[PDB]
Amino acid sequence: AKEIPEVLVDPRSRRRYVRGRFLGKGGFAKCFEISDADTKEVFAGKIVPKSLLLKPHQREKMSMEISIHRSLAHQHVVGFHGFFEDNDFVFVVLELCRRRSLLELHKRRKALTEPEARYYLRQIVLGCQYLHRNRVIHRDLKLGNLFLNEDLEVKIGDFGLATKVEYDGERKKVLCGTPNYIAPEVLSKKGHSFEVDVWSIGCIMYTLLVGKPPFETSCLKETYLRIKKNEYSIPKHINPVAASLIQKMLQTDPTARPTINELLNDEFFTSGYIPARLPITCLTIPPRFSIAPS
């Protein structure tokens, strides 16, 4: 195939980026740490080859991604720093969040402490409040696209199943792609709007507090059959205030779920300790939020 260049030049802004460390795959894309050859500032670079964009519909999805993502500015959204092309590749330059994602945390720590879940879910909801205010649905919020910066703030990225909503009342009849925490109105093909991201946040909330995802089996279609039936069980050691918020979010009817603006007014947040920050040791060891050291 075409090999990816070591220095990526944009002719319009006049920048050269050094391509550095590889970070992972995602579909047609490969992701690298990339850095400006003059100013040394480091970015995440999404690189898609044009060999995988030979059909117009795949180009249109790449255009829609860039269109959505470049219109976003928020503390809890991965910041878009530009896009460029060559004859073989599409390049997008994004905020590099150095502490990976909530998925890498989840694999190390399993279930988190309630204050940590409450911390991360607040910032997830704050970033999703930005999106829904701007009429963007994300549609694929998962642990592996909620990226953690060096301070341990959540950054929503990966706008590649995202969509704008163009008129009030609009149900999208189609979702091209397979989101991880797929909502029941998507699975049945009934039609969907903003509620799909609240569903996702409920599955994230379940996963962070329980340590395993809510519907999972060995078969993805039996998992979809469970989502269709609402076949899940919150274990009895989960606090009822948190289990109540999970149950509100993971309802099979979209219109019964809370809207994103309501979430932070829930009793789960408003009667719990929400840390102002978490230290780097929370990636490794469960915090024991002590009132004095020793």
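When you see a residue number, it is the position in the sequence shown, counting from 1.
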>> When the Cα temperature factors in the entry are averaged, is it 166-174 or 141-149 that ends up higher?
In response: 166-174
> What third of its chain, lowest, middle or highest, does the C-alpha temperature factor of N134 fall into?
Replying inline: middle
> How does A276 rank on Cα B-factor within its chain, lowest, middle or highest third?
Replying inline: lowest
> With respect to C-alpha B-factor, does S67 fall in the lowest, middle or highest third of the chain as deposited?
Replying inline: lowest
> Lowest, middle or highest third of the chain for the C-alpha temperature factor of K50?
Replying inline: lowest
>> Considering every modelled residue of the chain and its Cα B-factor in the PDB entry, is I227 in the lowest, middle or highest third?
In response: middle
